[PDB]
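What follows is a short report on a single structure.
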Amino acid sequence: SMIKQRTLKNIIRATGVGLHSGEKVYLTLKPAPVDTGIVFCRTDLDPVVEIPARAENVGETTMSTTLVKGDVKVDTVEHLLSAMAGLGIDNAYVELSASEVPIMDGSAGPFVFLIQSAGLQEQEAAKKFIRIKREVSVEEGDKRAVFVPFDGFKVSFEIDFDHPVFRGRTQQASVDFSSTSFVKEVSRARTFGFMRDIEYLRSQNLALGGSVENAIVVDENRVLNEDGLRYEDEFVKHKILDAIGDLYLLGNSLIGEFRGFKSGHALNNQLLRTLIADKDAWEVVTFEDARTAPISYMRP
Ligand SMILES: C[C@@H](O)[C@H](NC(=O)c1ccc(C#Cc2ccc(CN3CCOCC3)cc2)cc1)C(=O)NO
Ligand SMILES: [Ca+2]
Ligand SMILES: [Cl-]
Ligand SMILES: [Zn+2]
């Protein structure tokens, strides 16, 4: 059988708060037709504003990835999109009653569980992949983000925090999803912030919804969360989760390899824009036989 596009098999509902705005928000995920892509919808507005989750609609990348259309924004899309990418969802409507996606527990875990509880639905159209044909690299300062050709999907990231909790730890990780499960090894990795910054962030209307229930809080010499970490390398694994979500703004699953060095949402988006512009470096492919494809997906 061909690798088919996927949507949701049932409507999903969740309530939460935006990490940065602190606003209560109702999230509804709905099935969508073939070739829709992932589309965010601000249903608190009338008429609604619908914003496709595509690189061309990224309008801001400070702290989190933000989609913009007209005067309207949808903040912090990366963790939800990481779950969508991790589960291979092509088409979905994402309804929000406020401007920011709920942070949940700070990871993609709750979204992944809500989606897999609803189930996925294959659709009668070939799933389209973007295959990297040539290396594409962007840099700014000491930050770097690269796409290289690779027969599969692989993401590597390196952080370099000048901080006592990070020095001497695993600050580089590589995940090849032919041998590593997105669900078990990436999806549960939570976002993190530094205690030293919280008052300043709040003074800028940032991290207003943050709590130890949705973020790892790193103090000057210790992790504050009394219940501990989920992974010894949870920090760099969360950066990989972020990269997977930002990369899904291409609108299709990737066949290739990503390597990031201190690359945040801004440089991730610049990599996507450079790749899209360099049309010699990529192609759209489909698979008439899932058995011969370089990527495989779980049953729906
Ligand atoms: C990883 C990045 O790349 C990015 N995350 C961020 O920028 C980011 C994340 C989280 C936060 C936060 C927070 C916060 C936590 C708790 C409290 C209240 N507590 C009261 C009791 O004592 C302790 C404090 C207040 C605020 C701030 C910033 C990302 O994940 N992007 O996707
Ligand atoms: Ca921002
Ligand atoms: Cl950046
Ligand atoms: Zn994140």
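Identifiers in this document derive from the order of the structure tokens: chains are assigned A, B, ..., residues are numbered from 1 separately in each chain, and ligands are numbered from 1 in order of occurrence.
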
Legend entry - Shell of 6 Å around ligand 1 (only C-alpha atoms and all ligand atoms), written as a PyMOL selection string: chain A and resi 63-64+78+191-193+198+207+210-212+215+217+242

Selected residues written out, C-alpha atoms, as a PDB file, in the first residue's frame:
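This is the output file selection-v8.pdb:
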ATOM      1  CA  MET A  63      10.941  32.934  23.142  1.00  0.00           C
ATOM      2  CA  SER A  64       8.645  30.725  21.026  1.00  0.00           C
ATOM      3  CA  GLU A  78       6.266  24.345  18.282  1.00  0.00           C
ATOM      4  CA  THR A 191      10.695  23.034  28.244  1.00  0.00           C
ATOM      5  CA  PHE A 192      12.985  24.770  30.696  1.00  0.00           C
ATOM      6  CA  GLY A 193      13.847  28.187  32.015  1.00  0.00           C
ATOM      7  CA  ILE A 198      11.634  34.771  35.805  1.00  0.00           C
ATOM      8  CA  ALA A 207       6.398  33.147  31.197  1.00  0.00           C
ATOM      9  CA  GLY A 210       4.943  29.118  33.918  1.00  0.00           C
ATOM     10  CA  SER A 211       5.079  26.757  36.881  1.00  0.00           C
ATOM     11  CA  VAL A 212       7.041  23.696  37.921  1.00  0.00           C
ATOM     12  CA  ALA A 215       8.539  23.653  32.975  1.00  0.00           C
ATOM     13  CA  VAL A 217      13.085  25.613  36.434  1.00  0.00           C
ATOM     14  CA  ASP A 242      11.514  22.137  19.427  1.00  0.00           C
TER      15      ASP A 242
END

Find the nearest atom pair between each residue of segment 137-242 of chain A and segment 272-279 of chain A for residues within 10 Å, count only C-alpha atoms, give distances in Å to one decimal, sort rows by chain and ascending number, and present the table as a tab-separated table.
residue	atom	partner	partner_atom	distance
A:137	CA	A:274	CA	8.2
A:138	CA	A:274	CA	7.7
A:145	CA	A:272	CA	9.6
A:146	CA	A:275	CA	9.6
A:147	CA	A:275	CA	8.2

Can I get the selection written as a PDB file, in the first residue's frame, with N, CA and C atoms?
ATOM      1  N   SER A 137      22.882  25.296   4.821  1.00  0.00           N
ATOM      2  CA  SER A 137      23.397  25.739   6.107  1.00  0.00           C
ATOM      3  C   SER A 137      23.116  27.223   6.299  1.00  0.00           C
ATOM      4  N   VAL A 138      22.643  27.600   7.487  1.00  0.00           N
ATOM      5  CA  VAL A 138      22.586  29.010   7.861  1.00  0.00           C
ATOM      6  C   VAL A 138      23.296  29.182   9.192  1.00  0.00           C
ATOM      7  N   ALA A 145      22.494  26.107  11.920  1.00  0.00           N
ATOM      8  CA  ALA A 145      21.445  25.127  11.642  1.00  0.00           C
ATOM      9  C   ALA A 145      21.678  24.601  10.235  1.00  0.00           C
ATOM     10  N   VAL A 146      21.647  23.277  10.038  1.00  0.00           N
ATOM     11  CA  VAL A 146      22.029  22.672   8.764  1.00  0.00           C
ATOM     12  C   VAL A 146      21.045  21.566   8.399  1.00  0.00           C
ATOM     13  N   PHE A 147      20.704  21.475   7.116  1.00  0.00           N
ATOM     14  CA  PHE A 147      20.066  20.297   6.535  1.00  0.00           C
ATOM     15  C   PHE A 147      21.105  19.559   5.699  1.00  0.00           C
TER      16      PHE A 147
END

Inset, instruction - Identify, with DSSP run on backbone atoms, the residues in segment 73-110 of chain A assigned to strand (DSSP E or B), and express the list as a list in words. - result: residues 73, 74, 75, 92, 93, 94, 95, 96, 100 and 102 of chain A

Taking only C-alpha atoms and all ligand atoms into account, produce a table as a Markdown table in which each residue of chain A with an atom at most 12 Å from an atom of ligand 2 appears once, together with its shortest atom pair and the distance in Å to one decimal, ordered by chain and rising number.
| residue | atom | partner | partner_atom_place_in_ligand_line | distance |
| --- | --- | --- | --- | --- |
| A:19 | CA | ligand 2 | 1 (Ca) | 11.2 |
| A:20 | CA | ligand 2 | 1 (Ca) | 8.5 |
| A:21 | CA | ligand 2 | 1 (Ca) | 10.2 |
| A:58 | CA | ligand 2 | 1 (Ca) | 10.7 |
| A:59 | CA | ligand 2 | 1 (Ca) | 9.0 |
| A:60 | CA | ligand 2 | 1 (Ca) | 5.6 |
| A:61 | CA | ligand 2 | 1 (Ca) | 5.5 |
| A:62 | CA | ligand 2 | 1 (Ca) | 3.9 |
| A:63 | CA | ligand 2 | 1 (Ca) | 5.1 |
| A:64 | CA | ligand 2 | 1 (Ca) | 5.5 |
| A:65 | CA | ligand 2 | 1 (Ca) | 6.9 |
| A:66 | CA | ligand 2 | 1 (Ca) | 6.5 |
| A:67 | CA | ligand 2 | 1 (Ca) | 9.9 |
| A:68 | CA | ligand 2 | 1 (Ca) | 11.0 |
| A:73 | CA | ligand 2 | 1 (Ca) | 10.0 |
| A:74 | CA | ligand 2 | 1 (Ca) | 10.1 |
| A:75 | CA | ligand 2 | 1 (Ca) | 7.2 |
| A:76 | CA | ligand 2 | 1 (Ca) | 8.0 |
| A:77 | CA | ligand 2 | 1 (Ca) | 11.1 |
| A:99 | CA | ligand 2 | 1 (Ca) | 11.5 |
| A:100 | CA | ligand 2 | 1 (Ca) | 10.4 |
| A:201 | CA | ligand 2 | 1 (Ca) | 11.3 |
| A:204 | CA | ligand 2 | 1 (Ca) | 10.4 |
| A:205 | CA | ligand 2 | 1 (Ca) | 10.0 |
| A:206 | CA | ligand 2 | 1 (Ca) | 8.3 |
| A:207 | CA | ligand 2 | 1 (Ca) | 10.6 |
| A:265 | CA | ligand 2 | 1 (Ca) | 9.9 |
| A:266 | CA | ligand 2 | 1 (Ca) | 10.2 |

Just to be explicit: take each residue in the selection above, keep C-alpha atoms, and write the result as a compact mmCIF listing (two decimals), in the first residue's frame.
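Result saved to part_35.txt:
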# COMPACT_ATOMS: atom_id res chain seq x y z
CA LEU A 19 3.13 29.46 28.92
CA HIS A 20 3.90 33.10 28.15
CA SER A 21 0.51 34.83 28.27
CA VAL A 58 6.02 32.83 10.98
CA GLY A 59 6.02 36.40 12.19
CA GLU A 60 7.93 36.30 15.44
CA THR A 61 10.44 33.91 16.97
CA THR A 62 11.34 35.50 20.33
CA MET A 63 10.94 32.93 23.14
CA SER A 64 8.64 30.72 21.03
CA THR A 65 7.47 30.33 17.43
CA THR A 66 4.59 32.64 16.53
CA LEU A 67 2.34 32.61 13.47
CA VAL A 68 0.92 35.96 12.26
CA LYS A 73 -1.13 35.88 16.12
CA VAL A 74 -0.96 32.30 17.35
CA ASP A 75 1.87 31.92 19.87
CA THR A 76 4.02 28.93 20.84
CA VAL A 77 3.09 26.43 18.14
CA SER A 99 -3.69 33.54 21.07
CA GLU A 100 -1.35 30.96 22.67
CA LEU A 201 10.38 37.70 31.90
CA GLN A 204 7.82 41.72 29.84
CA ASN A 205 4.57 39.69 29.95
CA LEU A 206 6.52 36.49 29.33
CA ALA A 207 6.40 33.15 31.20
CA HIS A 265 13.34 29.35 16.78
CA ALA A 266 14.66 32.31 14.79

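Excluding residue 14 of chain A itself and any same-chain residue fewer than 6 positions from it, the protein and nucleic acid residues within 7 Å of it, counting only C-alpha atoms, are residues 26, 27 and 28 of chain A.
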
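When DSSP is run on the backbone, the residues of segment 111-209 of chain A that fall into alpha helix (DSSP H) are residues 111, 112, 113, 114, 115, 116, 117, 118, 182, 183, 184, 185, 198, 199, 200, 201, 202 and 203 of chain A.
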
Kindly save the residues from that selection, with N, CA and C atoms included, as a compact mmCIF listing (two decimals), in the first residue's frame.
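File produced: again_32.txt:
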# COMPACT_ATOMS: atom_id res chain seq x y z
N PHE A 111 -0.12 16.14 24.25
CA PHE A 111 -0.69 16.17 22.90
C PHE A 111 -0.60 14.81 22.24
N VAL A 112 0.56 14.16 22.33
CA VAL A 112 0.72 12.85 21.70
C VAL A 112 -0.30 11.87 22.27
N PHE A 113 -0.49 11.88 23.59
CA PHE A 113 -1.46 10.95 24.18
C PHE A 113 -2.90 11.28 23.77
N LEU A 114 -3.27 12.57 23.76
CA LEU A 114 -4.62 12.92 23.34
C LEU A 114 -4.88 12.49 21.90
N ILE A 115 -3.89 12.68 21.03
CA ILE A 115 -4.04 12.31 19.62
C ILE A 115 -4.13 10.79 19.48
N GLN A 116 -3.22 10.06 20.12
CA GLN A 116 -3.23 8.61 19.97
C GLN A 116 -4.44 7.97 20.64
N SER A 117 -5.06 8.65 21.62
CA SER A 117 -6.31 8.16 22.19
C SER A 117 -7.46 8.33 21.20
N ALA A 118 -7.47 9.44 20.48
CA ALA A 118 -8.48 9.65 19.44
C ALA A 118 -8.26 8.71 18.26
N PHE A 182 10.16 8.47 18.65
CA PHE A 182 9.79 9.83 19.03
C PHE A 182 8.98 9.82 20.32
N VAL A 183 7.99 8.92 20.41
CA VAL A 183 7.09 8.92 21.57
C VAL A 183 7.87 8.70 22.86
N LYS A 184 8.72 7.68 22.89
CA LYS A 184 9.33 7.31 24.17
C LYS A 184 10.56 8.13 24.50
N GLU A 185 11.32 8.57 23.50
CA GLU A 185 12.60 9.20 23.79
C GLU A 185 12.64 10.71 23.59
N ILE A 198 13.10 34.84 35.77
CA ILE A 198 11.63 34.77 35.80
C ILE A 198 11.02 36.14 36.08
N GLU A 199 11.55 36.89 37.05
CA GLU A 199 10.97 38.20 37.33
C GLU A 199 11.09 39.12 36.13
N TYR A 200 12.24 39.09 35.45
CA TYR A 200 12.43 39.89 34.25
C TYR A 200 11.46 39.48 33.15
N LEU A 201 11.33 38.17 32.91
CA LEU A 201 10.38 37.70 31.90
C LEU A 201 8.97 38.18 32.21
N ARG A 202 8.55 38.03 33.47
CA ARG A 202 7.20 38.46 33.84
C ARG A 202 7.01 39.95 33.60
N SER A 203 8.05 40.75 33.86
CA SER A 203 7.95 42.19 33.63
C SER A 203 7.73 42.52 32.16
